[PDB]
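For reference, the structure is listed below as structure tokens.
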Amino acid sequence: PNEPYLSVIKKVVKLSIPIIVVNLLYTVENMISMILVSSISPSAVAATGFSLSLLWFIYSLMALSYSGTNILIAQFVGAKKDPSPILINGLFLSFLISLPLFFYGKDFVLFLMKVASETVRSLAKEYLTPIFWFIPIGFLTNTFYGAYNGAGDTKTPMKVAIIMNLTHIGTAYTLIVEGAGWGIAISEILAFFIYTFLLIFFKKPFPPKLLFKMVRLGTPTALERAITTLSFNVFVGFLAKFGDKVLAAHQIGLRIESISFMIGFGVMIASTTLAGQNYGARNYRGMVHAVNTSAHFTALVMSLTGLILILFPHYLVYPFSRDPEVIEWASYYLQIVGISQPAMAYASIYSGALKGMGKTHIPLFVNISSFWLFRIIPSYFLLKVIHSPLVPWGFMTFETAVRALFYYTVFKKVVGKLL
Amino acid sequence: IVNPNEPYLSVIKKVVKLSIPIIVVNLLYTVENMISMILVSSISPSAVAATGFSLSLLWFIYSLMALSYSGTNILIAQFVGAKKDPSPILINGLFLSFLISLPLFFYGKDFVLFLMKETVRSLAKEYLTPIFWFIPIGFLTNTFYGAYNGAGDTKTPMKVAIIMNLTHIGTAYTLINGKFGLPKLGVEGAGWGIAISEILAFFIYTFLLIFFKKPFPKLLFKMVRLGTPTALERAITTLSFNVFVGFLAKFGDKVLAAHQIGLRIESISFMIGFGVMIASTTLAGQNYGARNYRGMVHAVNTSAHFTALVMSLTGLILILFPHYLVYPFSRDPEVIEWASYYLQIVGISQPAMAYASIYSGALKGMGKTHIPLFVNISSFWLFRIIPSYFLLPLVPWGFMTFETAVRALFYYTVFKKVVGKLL
């Protein structure tokens with residue numbers, strides 16, 4: 001409402017560091033899994049990495065189960081209303097939409113893999129056979145992880161994520177390509193049963209025809225994620241035309257940015273929860289200042305981090321790559337993407353804040369509508385003059401800025417009609 | 001346009017007066033595609049296969065075509081209904097298709113070859129080179145369509161469709177063969193024959209709005225937010241219906257022939273509902289903006305049951321005489337028995353395809369355009385694709401029927417709970 005800086009960032013950080021921890025644990029989990037399957041064969045690593053980096057399209061439709069619950073429970077707890085009929089319907093919706101992935105889901109993935117090699121797909125079949133048996137289990141765990149975030153108790157998914165990733169890595173270590181998928185499956189079932197023992201017993205998540213609501217709210221994000229993975233695939237294929245050495249540096253820049261993506265996504269889910277609990281309580285002038293201060297602080301954090309990127313180029317990639325004409329490209333990458341990290345703070349906060357406010361159809365109209373018009377398209381037009389990979393990266397950096405002043409200038413006007 | 005107490009006959013005469021031009025646009029297109037298939041069938045078998053899979057693929061490519069249509073079909077309906085000036089909507093709807101069709105221009109011709117997984121592909125190349133050349137013109141023409149059925153004037157797109165179809169004889173029959181001494185374009189002829197047909201309609205279409213001021217003389221985010229869910233409804237259902245045809249694909253070509261000919265015999269007795277659906281969209285839009293909610297309900301309630309009677313007669317014809325409808329298209333007997341057993345399963349659902357179509361169009365007029373997205377999708381899996389998976393050729397078809405019958409009682413209750421709370 002009008003509580004000062006320290007007060008609002010205390011209520012933020014204590015519920016945003018847990019999501020940062022969860023996402024960084026996911027990063028560590030997948031890196032250690034890459035290392036675990038690296039001790040098999042380059043073909044096994046190819047299969048595993050391609051099948052994992054391809055699920056961001058299947059493992060991307062659960063934005064219904066996640067968002068349709070996260071958005072509603074925030075406004076319901078904010079308004080002090082019983083947020084019980086959403087957990088039941090949230091779990092029912094997750095289990096309902098996870099079924100078309102149980103059956104014709106892995107076959108869809110094999111179909112997409114055909115469009116690589118043939119042995120790689122046959123090994124990916126072994127890797128995905130146990131994963132798809134417990135896909136509704138993963139949908140339920142995701143609905144839980146999206147419901148605890150709405151009630152303002154992210155420490156519980158933090159603890160459960162520590163448990164789940166430890167179990168994942170341990171079971172994969174024991175069984176190790178099929179055991180690597182058994183790791184995911186067993187981790188998901190264990191985290192799900194832990195959530196169940198926490199739920200019905202000590203009602204810690206919480207103690208019926210809003211399927212319209214959560215469907216209509218989660219469908220836009222379910223779009224955004226998949227239609228962004230495809231778009232970024234086009235943008236990545238842009239770099240494939242000129243050389244394969246520069247091509248493999250974007251896969252390192254992925255992890256370099258991954259920590260900041262995880263931090264911003266944590267402070268995005270947190271700002272989502274905050275904006276939702278203020279909008280539901282009919283406390284709009286509260287969420288204005290709340291997201292304002294959260295953005296002002298996360299922008300300083302991101303300034304510091306993206307400045308680390310600029311000031312320490314090679315001295316973050318030495319363990320990764322150690323050869324000429326590589327440190328140059330990853331370095332120029334970081335130095336170019338260093339500037340556009342505060343903008344990622346603003347574009348994460350404001351977009352996640354509208355999500356909590358209910359404007360879930362806005363992100364795909366600021367992410368997809370930005371993207372092309374300012375990056376990809378202008379580098380798919382200029383790139384016939386300058387034949388160097390600095391064009392897509394510099395345009396990336398400029399476009400994250402103009403996207404960051406999309407969100408800001410579409411936030412001000414949305415709250416105007418509210419007052 | 002219809003008041004809350006017109007005696008049914010009064011509107012039943014004023015809905016079949018308006019729906020018939022839409023029915024003639026939907027028909028004659030059937031003849032266009034039939035005659036084009038035959039003309040291409042006059043040459044190579046690979047040409048037949050390539051053209052068939054192209055038109056069945058250009059169904060999906062055209063799913064990004066409703067965004068300009070649904071954006072201008074619905075809006076104008078309300079704008080004309082609420083006696084508000086709908087001209088800027090017209091220009092911002094025409095300029096939208098063009099602007100949004102160049103993504104299909106340039107990188108979009110090889111996209112088809114990409115998705116089509118040898119001579120067959122090369123024949124698709126000499127086919128998808130001149131059509132995509134004038135594809136913005138076709139998008140604009142479909143937007144002109146949309147505008148005309150929205151404003152309530154469907155007879156003009158009827159005449160335009162007639163003249164375009166007549167442009168598919170000559171600029172086709174000739175350009176394929178070569179009576180005019182012109183070189184045999186081969187399959188490419190069937191390309192130009194489509195492309196050229198748009199140009200003609202463009203003239204007539206771009207003529208009336210200047211010379212005769214058509215019927216009449218920012219914020220397109222509205223139009224885009226309306227058109228995107230319809231594009232999803234027509235882009236995801238195509239995909240996911242192929243996941244249902246995989247069910248029947250497990251019995252050989254003799255059942256694929258049954259389903260493929262069912263598509264045809266169906267289509268013949270399909271345009272009725274799609275025409276009345278566009279008409280009911282227009283009616284519900286023109287009454288929603290005019291605050292005539294009771295009259296809107298009365299119109300949709302009367303037209304739904306009238307179309308139910310018509311489709312009951314139609315399904316009865318399909319059930320009583322299936323053998324004679326398949327005799328034109330099949331000589332292998334087992335195919336005959338499968339197609340007859342199929343039409344007896346569809347003809348039942350025919351009356352239930354009137355309520356679905358009418359209520360589907362009706363909720364489009366009154367903004368709510370995400371309804372048919374999560375109504376026609378959450379029904380596939382839940383009722384036709386899964387309950388057929390757990391019981392496995394009459395199981396999948398008999399569940400198709402009752403799915404598009406439970407889609408009736410689902411479209412309705414939503415419609416009634418939405419429209420009773422309008423009052």
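The chains in the structure tokens are called A, B, ... from first to last as shown; in each chain the residues are counted from 1, and the ligands are counted from 1 in the order shown.
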
Check: What are the residues of chain B that have an atom within 12 Å of an atom of chain A, counting only C-alpha atoms, as a ChimeraX atom specification?
Finding: /B:103,107,114-117,221-222,224-226,228-229,232,236,239-240,242-244,246-247,368-375,377-382,385-386,389-390,414

Checklist line | Contacts of region 162-173 of chain A within 7 Å, only C-alpha atoms, excl. fewer than 3 positions in-chain, as a list in words | finding: residues 29, 36, 158, 159, 176, 179, 180, 182, 183, 184, 186, 187, 188, 190 and 191 of chain A

Resulting file, chosen residues, C-alpha atoms, as a PDB file, in the first residue's frame:
ATOM      1  CA  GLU A  29      19.897 -31.273 -12.130  1.00  0.00           C
ATOM      2  CA  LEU A  36      25.719 -38.759 -16.030  1.00  0.00           C
ATOM      3  CA  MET A 158      11.716 -25.274  -2.478  1.00  0.00           C
ATOM      4  CA  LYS A 159      12.052 -28.108   0.050  1.00  0.00           C
ATOM      5  CA  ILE A 176      22.780 -45.677 -15.283  1.00  0.00           C
ATOM      6  CA  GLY A 179      17.525 -45.316 -16.013  1.00  0.00           C
ATOM      7  CA  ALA A 180      17.921 -41.618 -16.770  1.00  0.00           C
ATOM      8  CA  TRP A 182      13.403 -43.577 -14.581  1.00  0.00           C
ATOM      9  CA  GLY A 183      15.106 -40.817 -12.614  1.00  0.00           C
ATOM     10  CA  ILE A 184      12.553 -38.270 -13.827  1.00  0.00           C
ATOM     11  CA  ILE A 186      10.636 -41.702  -9.729  1.00  0.00           C
ATOM     12  CA  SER A 187      11.466 -38.131  -8.721  1.00  0.00           C
ATOM     13  CA  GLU A 188       8.047 -37.023  -9.942  1.00  0.00           C
ATOM     14  CA  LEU A 190       8.082 -39.179  -4.937  1.00  0.00           C
ATOM     15  CA  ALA A 191       7.443 -35.423  -5.024  1.00  0.00           C
TER      16      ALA A 191
END

10 Å contact set for residue 274 (chain B), only C-alpha atoms, chain neighbours under 4 positions out, as a compact mmCIF listing (two decimals) with N, CA, C and O atoms, in the first residue's frame:
# COMPACT_ATOMS: atom_id res chain seq x y z
N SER B 19 -29.60 -17.43 -46.07
CA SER B 19 -28.62 -18.50 -45.98
C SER B 19 -28.34 -19.12 -47.34
O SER B 19 -27.26 -19.68 -47.55
N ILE B 22 -25.14 -18.05 -49.16
CA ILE B 22 -23.99 -18.68 -48.51
C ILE B 22 -23.91 -20.15 -48.91
O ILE B 22 -22.82 -20.70 -49.10
N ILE B 23 -25.07 -20.81 -49.04
CA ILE B 23 -25.06 -22.21 -49.45
C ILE B 23 -24.55 -22.35 -50.88
O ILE B 23 -23.88 -23.33 -51.20
N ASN B 26 -20.82 -22.04 -50.72
CA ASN B 26 -20.22 -23.24 -50.17
C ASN B 26 -20.27 -24.39 -51.19
O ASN B 26 -19.26 -25.06 -51.43
N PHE B 270 -23.35 -31.42 -46.23
CA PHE B 270 -22.76 -30.46 -45.30
C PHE B 270 -23.01 -28.97 -45.56
O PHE B 270 -23.19 -28.23 -44.59
N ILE B 278 -23.15 -19.47 -40.89
CA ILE B 278 -22.73 -18.10 -41.19
C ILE B 278 -23.92 -17.15 -41.07
O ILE B 278 -23.80 -16.04 -40.55
N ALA B 279 -25.09 -17.59 -41.55
CA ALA B 279 -26.28 -16.76 -41.46
C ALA B 279 -26.65 -16.46 -40.01
O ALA B 279 -26.97 -15.33 -39.66
N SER B 280 -26.60 -17.49 -39.16
CA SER B 280 -26.94 -17.31 -37.75
C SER B 280 -25.89 -16.48 -37.03
O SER B 280 -26.22 -15.74 -36.11
N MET B 353 -25.97 -32.15 -35.90
CA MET B 353 -25.03 -31.22 -36.51
C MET B 353 -25.68 -29.91 -36.89
O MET B 353 -24.99 -29.00 -37.37
N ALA B 354 -26.99 -29.79 -36.70
CA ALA B 354 -27.66 -28.51 -36.90
C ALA B 354 -27.51 -27.62 -35.67
O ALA B 354 -27.17 -26.44 -35.78
N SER B 357 -23.76 -26.54 -35.30
CA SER B 357 -23.40 -25.49 -36.25
C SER B 357 -24.08 -24.17 -35.92
O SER B 357 -23.44 -23.11 -35.95
N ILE B 358 -25.37 -24.21 -35.60
CA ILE B 358 -26.13 -22.97 -35.38
C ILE B 358 -25.67 -22.27 -34.12
O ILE B 358 -25.36 -21.07 -34.14
N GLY B 361 -22.06 -20.87 -34.68
CA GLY B 361 -22.09 -19.57 -35.32
C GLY B 361 -22.66 -18.49 -34.43
O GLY B 361 -22.16 -17.37 -34.40

Margin query: I want to know what sits within 8 Å of region 205-208 of chain A, based on only C-alpha atoms, with residues of the same chain fewer than 6 positions away left out; could you give that as a list in words?
Written below: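 The residues that qualify are residues 83, 84, 85, 89, 144, 147, 148, 151, 198 and 199 of chain A.
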
Checklist line | alpha helix (DSSP H) per DSSP on the backbone: members of region 48-199 of chain B, as a count of residues only | finding: 102

Notebook entry, point to check: Counting only C-alpha atoms, what is within 6 Å of region 123-134 of chain A, bar same-chain residues fewer than 3 positions away, as a PyMOL selection string?
Noted result: chain A and resi 47+102+120+137+177-178+181-182+185

Excluding residue 9 (chain B) and any residue of its chain fewer than 5 positions from it, enumerate the residues within 12 Å of it, using only C-alpha atoms, and give them as a short mmCIF file (atom, residue, chain, number, x, y, z; two decimals) with N, CA, C and O atoms, in the first residue's frame.
data_model
loop_
_atom_site.label_atom_id
_atom_site.label_comp_id
_atom_site.auth_asym_id
_atom_site.auth_seq_id
_atom_site.Cartn_x
_atom_site.Cartn_y
_atom_site.Cartn_z
N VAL B 2 -34.82 -9.16 -36.23
CA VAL B 2 -35.94 -10.02 -35.87
C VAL B 2 -36.37 -9.70 -34.44
O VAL B 2 -35.55 -9.72 -33.52
N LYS B 14 -37.09 -15.63 -43.75
CA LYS B 14 -36.05 -14.62 -43.83
C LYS B 14 -34.68 -15.13 -43.40
O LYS B 14 -33.73 -14.35 -43.35
N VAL B 15 -34.56 -16.42 -43.08
CA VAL B 15 -33.26 -17.03 -42.85
C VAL B 15 -32.84 -17.90 -44.03
O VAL B 15 -31.67 -17.91 -44.40
N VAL B 16 -33.80 -18.60 -44.64
CA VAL B 16 -33.50 -19.33 -45.87
C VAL B 16 -33.37 -18.38 -47.05
O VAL B 16 -32.76 -18.74 -48.06
N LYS B 17 -33.93 -17.18 -46.94
CA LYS B 17 -33.69 -16.16 -47.96
C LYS B 17 -32.24 -15.70 -47.93
O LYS B 17 -31.64 -15.43 -48.98
N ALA B 299 -34.54 -15.76 -32.84
CA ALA B 299 -34.00 -16.10 -34.16
C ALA B 299 -33.18 -17.37 -34.10
O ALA B 299 -33.34 -18.27 -34.93
N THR B 302 -35.39 -20.43 -33.44
CA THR B 302 -36.20 -20.86 -34.57
C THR B 302 -35.35 -21.49 -35.66
O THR B 302 -35.68 -22.56 -36.18
N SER B 303 -34.23 -20.83 -36.01
CA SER B 303 -33.37 -21.35 -37.07
C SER B 303 -32.72 -22.67 -36.69
O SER B 303 -32.53 -23.53 -37.55
N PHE B 306 -35.40 -25.31 -37.27
CA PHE B 306 -35.67 -25.45 -38.70
C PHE B 306 -34.55 -26.23 -39.38
O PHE B 306 -34.81 -27.16 -40.17
#

Check: From the set B:230, B:88, B:376, B:12, which residue has the shortest atom-to-atom contact distance to residue 218 (chain B), counting only C-alpha atoms?
Finding: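 Of the candidates, the smallest distance to residue 218 (chain B) is held by B:88.
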
Pick out the residues sitting within 9 Å of residue 330 (chain A), and hand them over as an mmCIF file with N, CA and C atoms, in the first residue's frame; count only C-alpha atoms, and ignore anything fewer than 2 positions along from it in its own chain.
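Now in out39.cif:
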data_model
loop_
_atom_site.group_PDB
_atom_site.id
_atom_site.type_symbol
_atom_site.label_atom_id
_atom_site.label_comp_id
_atom_site.auth_asym_id
_atom_site.auth_seq_id
_atom_site.Cartn_x
_atom_site.Cartn_y
_atom_site.Cartn_z
ATOM 1 N N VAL A 246 30.382 -20.989 -34.411
ATOM 2 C CA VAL A 246 29.531 -19.993 -33.769
ATOM 3 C C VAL A 246 28.203 -20.616 -33.359
ATOM 4 N N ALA A 249 28.188 -22.054 -29.821
ATOM 5 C CA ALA A 249 28.373 -21.100 -28.732
ATOM 6 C C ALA A 249 27.045 -20.621 -28.157
ATOM 7 N N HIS A 250 25.976 -20.651 -28.956
ATOM 8 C CA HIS A 250 24.663 -20.303 -28.427
ATOM 9 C C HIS A 250 24.200 -21.326 -27.399
ATOM 10 N N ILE A 252 26.122 -22.668 -25.219
ATOM 11 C CA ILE A 252 26.769 -22.283 -23.964
ATOM 12 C C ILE A 252 26.146 -21.013 -23.403
ATOM 13 N N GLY A 253 25.827 -20.070 -24.289
ATOM 14 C CA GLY A 253 25.097 -18.892 -23.866
ATOM 15 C C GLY A 253 23.759 -19.221 -23.240
ATOM 16 N N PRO A 313 34.263 -11.805 -19.506
ATOM 17 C CA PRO A 313 33.876 -12.612 -20.671
ATOM 18 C C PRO A 313 34.374 -14.045 -20.576
ATOM 19 N N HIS A 314 35.633 -14.263 -20.973
ATOM 20 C CA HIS A 314 36.177 -15.614 -21.068
ATOM 21 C C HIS A 314 36.179 -16.315 -19.718
ATOM 22 N N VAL A 317 33.702 -19.219 -19.106
ATOM 23 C CA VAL A 317 33.548 -20.277 -20.094
ATOM 24 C C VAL A 317 34.775 -21.172 -20.178
ATOM 25 N N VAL A 326 36.489 -19.119 -30.203
ATOM 26 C CA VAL A 326 35.306 -19.512 -29.446
ATOM 27 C C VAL A 326 35.115 -18.534 -28.297
ATOM 28 N N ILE A 327 36.146 -18.398 -27.455
ATOM 29 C CA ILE A 327 36.111 -17.419 -26.373
ATOM 30 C C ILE A 327 35.723 -16.053 -26.916
ATOM 31 N N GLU A 328 36.181 -15.742 -28.129
ATOM 32 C CA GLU A 328 35.766 -14.526 -28.818
ATOM 33 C C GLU A 328 34.252 -14.447 -28.955
ATOM 34 N N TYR A 332 31.832 -11.896 -26.958
ATOM 35 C CA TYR A 332 31.021 -10.881 -27.623
ATOM 36 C C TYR A 332 29.541 -11.094 -27.344
ATOM 37 N N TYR A 333 29.122 -12.354 -27.235
ATOM 38 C CA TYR A 333 27.748 -12.665 -26.866
ATOM 39 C C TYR A 333 27.404 -12.058 -25.511
ATOM 40 N N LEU A 334 28.205 -12.381 -24.492
ATOM 41 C CA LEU A 334 27.933 -11.895 -23.139
ATOM 42 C C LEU A 334 27.978 -10.375 -23.085
ATOM 43 N N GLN A 335 29.005 -9.779 -23.692
ATOM 44 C CA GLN A 335 29.147 -8.326 -23.679
ATOM 45 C C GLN A 335 27.978 -7.652 -24.383
#
